[PDB]
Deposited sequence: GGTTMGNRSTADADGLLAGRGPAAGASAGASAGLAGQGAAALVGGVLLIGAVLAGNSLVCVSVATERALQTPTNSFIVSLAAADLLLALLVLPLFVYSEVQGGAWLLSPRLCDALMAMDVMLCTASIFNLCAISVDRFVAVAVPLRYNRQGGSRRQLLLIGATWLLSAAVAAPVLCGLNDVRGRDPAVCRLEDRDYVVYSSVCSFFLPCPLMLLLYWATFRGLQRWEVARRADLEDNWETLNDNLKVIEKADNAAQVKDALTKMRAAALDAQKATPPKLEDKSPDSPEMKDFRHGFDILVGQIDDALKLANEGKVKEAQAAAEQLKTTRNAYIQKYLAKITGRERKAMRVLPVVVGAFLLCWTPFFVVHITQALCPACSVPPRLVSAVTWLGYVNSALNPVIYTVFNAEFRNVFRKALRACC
């Protein structure tokens, strides 16, 4: 009993603190405001809701040796929430894989600034779907001194719908996505990184230049780097002929054109004007260039490194739970030691504390936002 209490309090504390720190960090920091991180916030919410609505009465139950002394309707409420929040977590890991696959497979360019908010819409769908899976639990599925899902048909249904069916689908999509990105990565990575650096560095030289000569020299180096980068063809388009190739180079053509206009200004000694033109180059790079540079240099694939770790931890933490529960539901005679049933439940809930740690260790932006304690 004391161990359930101690472990339980620590668990609830860790989930609340870790996941709130994630939510607030995506809130405070512009560098964490990305499409992927919308889902990460959603997952954090699921874990916060778990710590607030489910874990306390779960811990209380465990201190009372598994006994349930409260009403059966409250039990039904708790179990529906339990099922929904577990399902929401999984469906959101699924949604990330669907979102990232579409981002990689379907390059889009918008006229208007900003995102489409399609991630928000997908996240909303994810939660409604999870509620749909969980909804029958609220209507009362049990035949009573314990709080368990006794309906064997329902348990098989949800085990399949919430876990054994989405997990293979999500693993296939993550795999296609990573393979998809690899195809965009140029062989001569270091050369393109050099070009990218020459661009970003000299933009900074231009901002703090003392005179027109320095601005002109920097612009000249940018021009050279832009033209070099324009020749770095990803393997995806290497088998293409001079359509697709028109899209790729066109961005660099706009950039060089703007650099040329800026050079004329710098050459005439119009430093202020040349500097303002260099700032408009920053926006062009963001529009037609920067997203594709990060893809073709291998940076976007690198930034996705944290996702397999999150998925891996989830599978590690929840696979025993679902194997135990579907086995029981399929085969009453397949007697699982109550002690093990309890163990795999704790392991499932411990996952809700792990993700903040995983981000901090395995994702650069979260890690850097952390490291400035």
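Undergrad: From the N-terminus onward, what segments of the deposited sequence lack any C-alpha atom in this model?
TA: Gaps vs deposited seq, in order: 1 to 37, 181 to 185, 285 to 286, 418 to 422.
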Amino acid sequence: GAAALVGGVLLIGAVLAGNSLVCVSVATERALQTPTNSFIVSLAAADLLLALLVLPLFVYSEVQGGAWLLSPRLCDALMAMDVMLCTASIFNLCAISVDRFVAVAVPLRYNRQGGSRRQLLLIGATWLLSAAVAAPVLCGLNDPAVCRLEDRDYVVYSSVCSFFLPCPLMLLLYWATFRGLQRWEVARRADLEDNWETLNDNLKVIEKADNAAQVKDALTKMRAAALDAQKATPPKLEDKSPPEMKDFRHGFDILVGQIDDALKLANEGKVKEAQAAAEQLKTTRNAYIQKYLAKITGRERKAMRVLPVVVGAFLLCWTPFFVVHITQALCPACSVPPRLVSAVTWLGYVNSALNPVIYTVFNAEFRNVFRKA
From here on, numbers count along this sequence of modelled residues.
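Undergrad: Going by the average Cα B-factor in the PDB entry, point out whether 92 to 100 or 268 to 276 comes out higher.
TA: Averaging CA B-factors over each stretch, the winner is 268 to 276.
Undergrad: Averaging C-alpha B-factors over each stretch, which comes out higher, 73 to 81 or 226 to 234?
TA: Comparing 73 to 81 with 226 to 234, the higher mean C-alpha B-factor belongs to 226 to 234.
Undergrad: Which of these has the highest Cα B-factor in the record: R152, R118, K282, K216?
TA: By C-alpha B-factor in the record, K282 ranks first.
Undergrad: Among the chain's modelled residues, which third holds the C-alpha B-factor of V9?
TA: CA B-factor rank for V9: middle third.
Undergrad: Looking at the entry's B-factor column for C-alpha atoms only, identify whether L255 ranks in the lowest, middle or highest third of its chain.
TA: According to the entry, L255 has a C-alpha B-factor in the chain's highest third.
Undergrad: Quick one: classify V205 as lowest, middle or highest third of the chain based on its Cα B-factor.
TA: Highest third.
Undergrad: Going by the entry, which third of its chain does the Cα temperature factor of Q64 land in?
TA: It belongs to the highest third of the chain when residues are ordered by C-alpha B-factor.
Undergrad: By the recorded C-alpha temperature factor, relative to the other modelled residues in its chain, which third is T87 in?
TA: According to the entry, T87 has a C-alpha B-factor in the chain's lowest third.
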